[PDB]
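Undergrad: sharing the initial chains of the complex here, in place:
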Amino acid sequence: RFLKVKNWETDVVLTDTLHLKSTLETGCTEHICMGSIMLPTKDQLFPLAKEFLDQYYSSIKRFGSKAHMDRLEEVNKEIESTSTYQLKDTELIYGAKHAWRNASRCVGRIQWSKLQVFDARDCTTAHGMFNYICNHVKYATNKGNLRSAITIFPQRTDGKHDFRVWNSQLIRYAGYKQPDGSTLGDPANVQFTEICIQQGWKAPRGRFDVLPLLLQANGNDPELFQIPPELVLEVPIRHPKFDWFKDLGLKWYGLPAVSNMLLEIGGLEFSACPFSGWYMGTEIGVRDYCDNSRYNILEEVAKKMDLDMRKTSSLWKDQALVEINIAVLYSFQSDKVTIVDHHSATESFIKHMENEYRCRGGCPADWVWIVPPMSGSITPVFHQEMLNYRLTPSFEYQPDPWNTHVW
């Protein structure tokens, strides 16, 4: 009932009760753990709304107040009629902040309460959506001094009027398959890079071509838009020692902005809710650059370093990986674009966990995602036991629109 989690490097022991309020499933059973698997009605709605409102009023110290009871009845009535409801502004903001607060896979949640929320619920067209996104991108980039934000479009109604941003992130590089059979640019987007062309986008066919937004409003077919370039902050990648590094032709965008997730608050579903914070170095340096199925640039860099790539045991992949990541961090800093190294980010997460345990009674966390993709055990989270469970409001995965859209 009252689970404890221990940190094996510092012996700190925290007790977890927050998990008792958990409501969603985890994919695991008492017979099998699926901790490493990537993707594990009016009657339905009111209970959800109630749990939320109750947690909402409890958060503002007005639990079981008239205001509390009143709104509960008000929403209660609204659902009974409209078979749905609308969140006050205060509720939309509390919900969004808490969905981030409950993202068990996010290592940067110590920043959760500073989220800037942009209410785009009055939006109606792909052009409108495009307007809101440009504003989000500009506000968040803030000339390199990034500020976390999320833009919330209209919630779901009948599922036949869903707003969706087809991109997986507001900003990503295109990927094209060549005659060579090889892939030019980012392989993970190869497909999307095609559905944009299956729409008319004139691809420059380069290594780092910023994709076009493909926005879908109220259910209609998506429309293409090109983000103003001066709004897309980019960082050329160089090394604080290897002058040859620049010759590699590497660069990345400064604003990470997940756009394909679904935000759930009080039972309400927001299918278009792009959000952004700022990068942890490793996301680019380790995953985007060195994943074999991504830009897969380990060999090249190893070559330039003239390393003995004859035997895995020389750890050339490892050496190169380190340099590369020193280069991503170095560049961003040099250009004054916000970025955090894995050591600093993981240290924050530990402090955040301690804060969350003593102020909220716990912190859902997914060890598999929290531990950085490099130097695992030299970061504190590696030695930190974590309990994973699902709390709401939350951010969830959802089918790619192009596998559900009735054109």
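TA: Received, thanks. Numbers count the residues shown, from 1 in each chain, chains lettered A, B, ... in the order given.
Undergrad: from here on, just use CA atoms for contacts and neighbour counts.
TA: Fine.
Undergrad: do a quick rundown of the strands in the stretch 51-200 of chain A.
TA: A:116-119, A:149-152, A:164-165, A:175-177, A:183-185 (DSSP state E, counting those that start in this stretch).
Undergrad: comparing these, which comes out most buried?
TA: strand A:164-165 (a mean of 29; mean count of other CA atoms under 10 Å).
Undergrad: what's it in contact with?
TA: Contact with strand A:164-165 is made by A:213-217, A:259-260, A:271-272, A:274, A:401, as judged by CA atoms under 8 Å, 6 or more residues apart in numbering.
Undergrad: what does stretch A:388-396 give?
TA: A:19, A:21-26, A:52, A:95-96, A:98-100, A:102-104, A:261-266, A:364-367.
Undergrad: just the buried positions in it, please.
TA: Of the residues in stretch A:388-396, A:388-395 count as buried by neighbour count, 16 or more other CA atoms under 10 Å.
Undergrad: thought residue A:41 was touching residue A:82?
TA: No: if you go by CA atoms under 8 Å, residue A:41 and residue A:82 don't touch, sitting 11.2 Å apart.
Undergrad: so can I have TSV of the strands of the stretch 51-200 of chain A showing distance to residue A:47?
TA: Shown next, in TSV, are the strands of the stretch 51-200 of chain A (distance: least, CA to CA, whole Å):
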stretch	distance to residue A:47
strand A:116-119	25
strand A:149-152	23
strand A:164-165	26
strand A:175-177	44
strand A:183-185	47
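Undergrad: all helices of the stretch 101-250 of chain A, in order?
TA: Assigned by DSSP state H, counting those that start in this stretch, the stretch 101-250 of chain A shows helices spanning A:126-141, A:192-195.
Undergrad: only the buried residues of the shortest one, if you could.
TA: To tie it back to what came earlier, the one meant is helix A:192-195. A:192-194.
Undergrad: what do you get for the longest one?
TA: Within helix A:126-141, the residues that qualify as buried by neighbour count (16+ other CA under 10 Å) are A:126-127, A:129-130, A:132-134, A:136-141.
Undergrad: from these, pick the one nearest residue A:227.
TA: Using CA to CA, residue A:134 comes nearest to residue A:227 of the buried residues of helix A:126-141, at 6.9 Å.
Undergrad: contacting residues for that closest one?
TA: So residue A:134 contacts A:227-228, A:231 (CA under 8 Å, 6+ apart).
Undergrad: for PyMOL, write the select line for the buried members of those residues.
TA: Only the buried entries of the contacts of residue A:134 go into this PyMOL selection, using 16+ other CA under 10 Å:
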select buried, chain A and resi 227+231
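Undergrad: now the contacts of residue A:134 in JSON lines, with distance to residue A:187?
TA: Listed next are the contacts of residue A:134 as JSON lines, based on distance: CA to CA, whole Å:
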{"residue": "A:227", "distance to residue A:187": "21"}
{"residue": "A:228", "distance to residue A:187": "24"}
{"residue": "A:231", "distance to residue A:187": "24"}
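Undergrad: further, place chain B onto the existing structure:
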Amino acid sequence: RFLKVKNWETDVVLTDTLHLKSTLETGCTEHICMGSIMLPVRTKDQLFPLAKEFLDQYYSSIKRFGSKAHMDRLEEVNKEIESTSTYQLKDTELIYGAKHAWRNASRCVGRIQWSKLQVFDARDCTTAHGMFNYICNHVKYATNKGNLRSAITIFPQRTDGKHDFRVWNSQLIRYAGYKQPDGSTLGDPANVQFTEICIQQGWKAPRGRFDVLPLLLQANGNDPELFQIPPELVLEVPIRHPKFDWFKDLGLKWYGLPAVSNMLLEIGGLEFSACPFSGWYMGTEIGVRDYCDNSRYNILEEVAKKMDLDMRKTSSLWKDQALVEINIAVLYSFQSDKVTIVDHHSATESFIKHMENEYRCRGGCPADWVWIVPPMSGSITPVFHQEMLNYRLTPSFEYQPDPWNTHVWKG
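TA: So that you can see how it sits with the rest, here is chain B on the chains above:
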């Protein structure tokens, strides 16, 4: 109920049916995952059924399920159990059982070698001196002058729980740890408590940074006894770097034989409380954990300085840079001295092949992602991108409480 796991780097999908045979608990529920938690006297009543499942698996493995030999064995064990409340395993069953405990070890990345285990049957052992003799032979056999061979030695099973055989050491070979009055620690911090017990038991500690600990052996539930492993039997490797000549000056070395000796081996319901086993090291165990854990030898800084890395701010990745070099050193030193060792790229690639093979030939392979993925360069090793299913099968290796916490001293 079939379950699939996908590898996101190769899109290869596998189906798991083996998990259906799982009976033990994981520690998780439909509402919470405890996948990252370190540690999530049977009666006649519960014993025979456990014996049967095991004998059923054993006889199926040899293609004699339902034979007369199979039926008579069940009968023989059953009778023996009602007759003595317990039962003895045949040699073949023991070998089979030990191999499967290894094969079922979800946290082990080296399982591609499971079928080659050398099993030493020490069930006829009665005293600590006898235990010492078996262990010495295990260490010499397994070490094989640097060409390591996996092996396990199995002492008498538990009976009433008051006559347990136990090896008090956590590994047959480990370095002493000494807490100094100024609060600093000399040697391996991980073994401070055990080292104190040894000194208290009479060990004359040399108080250096790498003193091989004595064996503290308990036979038949009696008070444990100290023994020194013949030095000529303990293979060690001086650590040096293939480019940094000053590395050798750090005075680092490690033993070549990793031999866990505090786990409990369960087979057909029987419990073997003393079952030391050994294989060979994967570089990162020493390079990343033993040397760089803040709570172990903690050498990142000293190595960092020597390299003249910018240690002013973490974003210089000086820790990460030093880490790779130290791990290069460990691998280099072992290969030069021709002492078996495997890097994480190589070891993890083997595990993926082993895993695929297991799904196809056995219907699954329980695996703990949290432990399989190496402590450095996680995502550049294939296991990071590999989905895994963790569940408990027997025979198995289990944790058991430290004996100094449960032992009734006799004096």
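Undergrad: mind redoing the buried residues of helix A:192-195 now chain B's in there?
TA: For helix A:192-195, burial by neighbour count (16 or more other CA atoms under 10 Å in any protein chain shown) applies to A:192-194.
Undergrad: same deal with stretch A:63-79?
TA: A:63, A:68, A:71-72, A:75-76, A:79.
Undergrad: rewinding a little: from the buried residues of helix A:192-195, which are also near chain B?
TA: Of the residues in the buried residues of helix A:192-195, proximity to chain B by CA under 8 Å from any CA of the partner chain holds for none.
Undergrad: need the contact list for the residue lying closest to residue A:336 once chain neighbours are set aside.
TA: Excluding its sequence neighbours, the residue lying closest to residue A:336 (CA to CA, 6 or more residues apart in numbering or on different chains) is residue A:144, at 6.1 Å. Contacts for residue A:144 (CA atoms under 8 Å, 6 or more residues apart in numbering or on different chains) come out as A:233, A:254, A:336-338.
Undergrad: now these: which count as buried?
TA: By 16+ other CA under 10 Å, the contacts of residue A:144 give A:233, A:254, A:337-338 as buried.
Undergrad: rebuild the residues you listed as CSV, extending it with secondary structure and distance to residue A:148.
TA: Shown next, in CSV, are these (DSSP: H, G, I helix; E, B strand; the rest coil; distance: CA to CA, whole Å):
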residue, secondary structure, distance to residue A:148
A:233, coil, 15
A:254, coil, 12
A:337, coil, 14
A:338, coil, 11
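Undergrad: related to what we said a few turns ago, could you measure from the residue nearest to residue A:336 over to chain B?
TA: 18 Å (CA to the nearest CA, to the nearest Å).
Undergrad: and for residue A:142?
TA: The gap separating residue A:142 from chain B is 22 Å, by CA to the nearest CA.
Undergrad: that residue: what's it in contact with?
TA: Taking CA under 8 Å, 6+ apart as the definition, residue A:142 has no contacts.
Undergrad: how about 10 Å then?
TA: By CA atoms under 10 Å, 6 or more residues apart in numbering or on different chains, the residues touching residue A:142 are A:136, A:231, A:233, A:337.
Undergrad: excluding covalently adjacent residues, which one is nearest to the residue nearest the centre of chain A?
TA: For chain A, the residue nearest the mean C-alpha position is residue A:258 (4.6 Å; CA atoms, centre = their mean). Excluding its sequence neighbours, the residue lying closest to residue A:258 (CA to CA, 6+ apart) is residue A:169, at 4.3 Å.
Undergrad: what distance do you get for the closest residue to residue A:339 other than its chain neighbours to residue B:325?
TA: Excluding its sequence neighbours, the residue lying closest to residue A:339 (CA to CA, 6+ apart) is residue A:279, at 5.2 Å. Plainly put, residue A:279 is 27 Å away from residue B:325 if you go by CA to CA, to the nearest Å.
Undergrad: likewise for residue A:239?
TA: From residue A:239 to residue B:325 the distance is 19 Å (CA to CA).
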